[PDB]
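Colleague: Input: one structure, supplied below.
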Amino acid sequence: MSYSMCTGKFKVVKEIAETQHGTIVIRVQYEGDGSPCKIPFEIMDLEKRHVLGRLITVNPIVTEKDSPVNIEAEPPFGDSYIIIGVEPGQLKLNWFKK
Amino acid sequence: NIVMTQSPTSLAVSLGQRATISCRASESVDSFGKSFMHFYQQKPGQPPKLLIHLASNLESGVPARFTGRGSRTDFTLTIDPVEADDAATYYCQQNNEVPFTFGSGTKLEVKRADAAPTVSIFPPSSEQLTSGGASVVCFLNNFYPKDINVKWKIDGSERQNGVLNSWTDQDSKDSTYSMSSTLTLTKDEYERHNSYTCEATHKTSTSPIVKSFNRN
Amino acid sequence: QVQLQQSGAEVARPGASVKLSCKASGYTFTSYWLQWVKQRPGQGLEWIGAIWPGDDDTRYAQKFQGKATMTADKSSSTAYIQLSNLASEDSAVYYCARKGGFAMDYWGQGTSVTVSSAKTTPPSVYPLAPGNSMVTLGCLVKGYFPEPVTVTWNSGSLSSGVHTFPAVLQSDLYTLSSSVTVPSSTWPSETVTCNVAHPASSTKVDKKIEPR
Ligand SMILES: [Cl-]
């Protein structure tokens with residue numbers, strides 16, 4: 001896939017939680033009209049200048065509209081921004097790892 | 001805030017040639033491996049029209065003669081070949097971050113063959129005169145290039161005061177410009193003179209195009 | 001058929017307020033951002049903000065924070081923009097647009113806002129008749145306020161050869177002219193009429209061009 005990025009908005013269904021492997025889990029629900037589309041996801045430093053962590057979820061896609069999508073990622077140690085969706089209404093979540 | 005710098009402010013391109021409009025961002029407009037900048041076209045009296053999204057994705061229904069290119073901070077819009085209908089103002093926009101910002105705009109002038117104006121003079125209407133007004137109207141239509149000067153004469157004497165001029169935007173079909181010149185006088189001054197002259201001077205002739213009427 | 005129908009042109013005194021409307025149809029109103037863009041006369045575009053009608057989420061450009069207020073009504077599929085403590089810098093065309101995908105795909109026709117203490121006055125419409133081969137006729141739309149006016153020929157039937165000139169401002173009043181060029185065979189045998197509309201004064205004038 002092949003699908004284009006979701007153009008609409010996301011709602012946080014499950015807030016960031018740390019796993020036993022130090023990774024993070026989040027659940028977001030799509031609100032727009034892209035039907036199946038790739039979730040725009042990126043982890044950055046606080047100045048939004050460098051891309052940092054890695055996605056564990058291979059290619060997160062919205063399958064259904066009103067169904068949450070699980071996203072798991074390995075953030076960098078310290079402070080980072082978990083960025084989800086396009087602007088306006090892009091989610092920018094703070095995270096501190098160990 | 002991201003600043004979008006468009007250059008040039010304006011450019012004249014001959015029909016069938018290539019037009020390249022530049023647009024530069026003050027910071028990277030990239031996110032998720034995509035460039036969050038887009039190109040719009042605005043024709044006079046109309047809302048803007050989206051041409052290209054995400055730097056290079058042509059909108060449905062827009063001719064493939066329009067192409068977007070670029071990443072991070074440097075972007076270009078290319079129109080090739082340039083057509084008459086392309087006479088408009090082009091804007092770039094970023095929506096990588098809030099507030100979304102636009103460029104200042106680039107006016108694309110379509111460069112065609114020189115054409116002399118079609119001059120028409122009109123006396124004040126009876127309706128206007130019955131209400132104490134007297135406007136003498138002169139149309140200078142379908143000319144190229146845009147540069148033209150109008151001179152009014154009342155019984156052979158030049159008149160500068162009370163003259164209002166207005167130019168149209170470039171015609172989307174024939175690439176020409178048109179202009180209207182209105183000489184407003186009092187019913188009294190109008191009624192005390194006979195000869196009213198509208199003299200147009202354009203690149204197309206060394207001699208001025210002269211249209212007139214006598215109040216008789 | 002995606003459509004955004006905006007409310008008509010408005011005049012307001014300095015320090016007053018206006019509430020503009022944008023009726024959306026042809027799509028799920030609650031599944032897209034509805035955005036507002038400002039264009040001052042002879043100037044560029046500026047993004048005011050966006051509203052997500054599904055939950056009333058807004059994003060404003062800082063400069064418009066105190067100035068503009070975005071609301072939306074789910075039931076009537078209508079978005080509104082309220083502009084407060086009006087000043088001359090607020091005189092502009094206000095567009096509503098749908099952010100259909102990655103950018104603004106569908107736009108409303110725009111609402112013109114004139115901030116002035118000047119009095120709304122209807123225009124005087126005068127026929128311009130000649131005193132050969134192709135004949136030029138015209139209409140003079142004199143002394144109106146505020147902008148805009150709508151000029152048509154034969155209720156829109158005559159579209160080719162028409163030149164409606166930008167208005168010129170003199171003594172707080174606008175004056176505009178429109179010309180129509182038609183074959184000699186078509187005038188005066190067939191009627192030529194200019195149709196002038198001034199929304200602010202609720203004026204609609206049809207002026208037949210009769211030969212001199
Ligand atoms: Cl946008």
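Quick note on naming: the chains in the structure tokens go A, B, ... in the order shown, residues restart at 1 in each chain, and ligands are numbered from 1 in order of appearance.
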Which residues of chain C come within 12 Å of ligand 1, and for each one, what is the closest pair of atoms and their distance in Å to one decimal, counting only C-alpha atoms and all ligand atoms, sorted by chain and residue number, as a tab-separated table?
Modeller:
residue	atom	partner	partner_atom_place_in_ligand_line	distance
C:32	CA	ligand 1	1 (Cl)	10.9
C:33	CA	ligand 1	1 (Cl)	8.7
C:34	CA	ligand 1	1 (Cl)	9.4
C:35	CA	ligand 1	1 (Cl)	7.5
C:36	CA	ligand 1	1 (Cl)	9.7
C:37	CA	ligand 1	1 (Cl)	9.7
C:45	CA	ligand 1	1 (Cl)	11.9
C:46	CA	ligand 1	1 (Cl)	11.1
C:47	CA	ligand 1	1 (Cl)	8.5
C:48	CA	ligand 1	1 (Cl)	10.9
C:49	CA	ligand 1	1 (Cl)	9.5
C:50	CA	ligand 1	1 (Cl)	8.8
C:51	CA	ligand 1	1 (Cl)	11.8
C:59	CA	ligand 1	1 (Cl)	11.8
C:96	CA	ligand 1	1 (Cl)	11.1
C:97	CA	ligand 1	1 (Cl)	8.6
C:98	CA	ligand 1	1 (Cl)	8.2
C:99	CA	ligand 1	1 (Cl)	5.6
C:100	CA	ligand 1	1 (Cl)	8.8
C:101	CA	ligand 1	1 (Cl)	8.5
C:102	CA	ligand 1	1 (Cl)	6.7
C:103	CA	ligand 1	1 (Cl)	4.1
C:104	CA	ligand 1	1 (Cl)	5.0
C:105	CA	ligand 1	1 (Cl)	8.6
C:106	CA	ligand 1	1 (Cl)	10.7
C:107	CA	ligand 1	1 (Cl)	11.2
Colleague: Which polymer residues have any atom within 9 Å of an atom of region 82-85 of chain A, counting only C-alpha atoms, with same-chain residues fewer than 3 positions away left out, as a list in words?
Modeller: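 Listing them by chain and then by number gives residues 5, 6, 7, 8, 9, 10, 28, 39, 40, 41, 42, 43, 44, 75, 88, 89, 90, 91, 92, 93, 94 and 95 of chain A.
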Colleague: Grab the residues selected above and save them as a short mmCIF file (atom, residue, chain, number, x, y, z; two decimals), in the first residue's frame with N, CA and C atoms.
Modeller:
data_model
loop_
_atom_site.label_atom_id
_atom_site.label_comp_id
_atom_site.auth_asym_id
_atom_site.auth_seq_id
_atom_site.Cartn_x
_atom_site.Cartn_y
_atom_site.Cartn_z
N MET A 5 -2.21 9.64 2.17
CA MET A 5 -2.35 10.07 3.56
C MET A 5 -3.74 10.55 3.87
N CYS A 6 -4.20 10.35 5.12
CA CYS A 6 -5.49 10.85 5.58
C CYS A 6 -5.39 12.35 5.64
N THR A 7 -6.42 13.04 5.12
CA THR A 7 -6.49 14.51 5.05
C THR A 7 -7.28 15.14 6.18
N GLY A 8 -8.10 14.33 6.84
CA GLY A 8 -8.97 14.79 7.91
C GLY A 8 -8.31 14.84 9.27
N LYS A 9 -9.16 14.87 10.30
CA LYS A 9 -8.80 14.98 11.70
C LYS A 9 -8.78 13.68 12.46
N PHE A 10 -7.98 13.67 13.54
CA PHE A 10 -7.89 12.55 14.46
C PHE A 10 -8.27 13.00 15.85
N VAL A 28 -5.90 6.34 18.14
CA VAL A 28 -6.52 7.49 17.51
C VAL A 28 -7.68 7.04 16.64
N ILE A 39 -2.07 6.97 8.10
CA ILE A 39 -2.10 7.98 9.16
C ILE A 39 -0.78 8.77 9.10
N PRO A 40 -0.83 10.11 8.95
CA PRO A 40 0.42 10.89 9.00
C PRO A 40 0.98 10.82 10.46
N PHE A 41 2.18 10.24 10.61
CA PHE A 41 2.81 10.04 11.93
C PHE A 41 4.31 10.37 11.85
N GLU A 42 4.83 11.09 12.83
CA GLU A 42 6.23 11.47 12.92
C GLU A 42 6.56 11.82 14.37
N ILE A 43 7.78 11.52 14.83
CA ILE A 43 8.26 11.88 16.18
C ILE A 43 9.39 12.90 15.99
N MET A 44 9.29 14.06 16.66
CA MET A 44 10.29 15.11 16.48
C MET A 44 10.81 15.64 17.80
N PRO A 75 9.97 5.88 20.95
CA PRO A 75 10.40 7.29 20.93
C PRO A 75 11.86 7.42 21.36
N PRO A 88 -5.08 21.83 9.62
CA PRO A 88 -5.21 22.28 11.01
C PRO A 88 -5.71 21.14 11.91
N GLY A 89 -5.47 21.24 13.19
CA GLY A 89 -5.95 20.14 14.04
C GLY A 89 -5.03 18.94 14.18
N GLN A 90 -3.79 19.08 13.71
CA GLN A 90 -2.72 18.10 13.87
C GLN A 90 -2.52 17.91 15.37
N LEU A 91 -2.37 16.64 15.81
CA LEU A 91 -2.15 16.30 17.21
C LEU A 91 -0.64 16.41 17.47
N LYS A 92 -0.27 17.11 18.55
CA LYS A 92 1.14 17.33 18.94
C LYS A 92 1.20 16.99 20.43
N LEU A 93 1.65 15.77 20.73
CA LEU A 93 1.66 15.20 22.07
C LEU A 93 3.04 15.14 22.62
N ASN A 94 3.21 15.53 23.89
CA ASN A 94 4.49 15.56 24.57
C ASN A 94 4.77 14.19 25.17
N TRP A 95 6.03 13.77 25.10
CA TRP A 95 6.41 12.52 25.74
C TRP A 95 7.81 12.57 26.28
#
Colleague: Pull the strand (DSSP E) assignments for region 2-132 of chain B out of DSSP run on the backbone, and list those residues as a VMD selection string.
Modeller: chain B and resid 4 to 7 10 to 14 19 to 25 30 to 31 34 to 35 37 to 42 49 to 53 57 to 58 66 to 71 74 to 79 88 to 94 101 to 102 106 to 111 118 to 122
Colleague: Restricting the calculation to only C-alpha atoms, which member of B:143, B:90, B:100, B:190 is positioned closest to chain A?
Modeller: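 For chain A, the nearest of the given residues is B:100.
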Colleague: CA of residue 181 (chain C) and CA of residue 150 (chain C), how far apart in Å?
Modeller: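 These atoms are spaced 18.5 Å apart.
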Colleague: Could you list, as a PyMOL selection string, every residue of chain C that has an atom within 9 Å of an atom of chain B, counting only C-alpha atoms?
Modeller: chain C and resi 43-49+59-62+95+101-110+124-131+136-138+140+163-168+170+176-179
Colleague: Just the residues within 6 Å of region 64-69 of chain A, please, counting only C-alpha atoms, with nothing from its chain fewer than 2 positions along; format it as a PyMOL selection string.
Modeller: chain A and resi 27-30+62
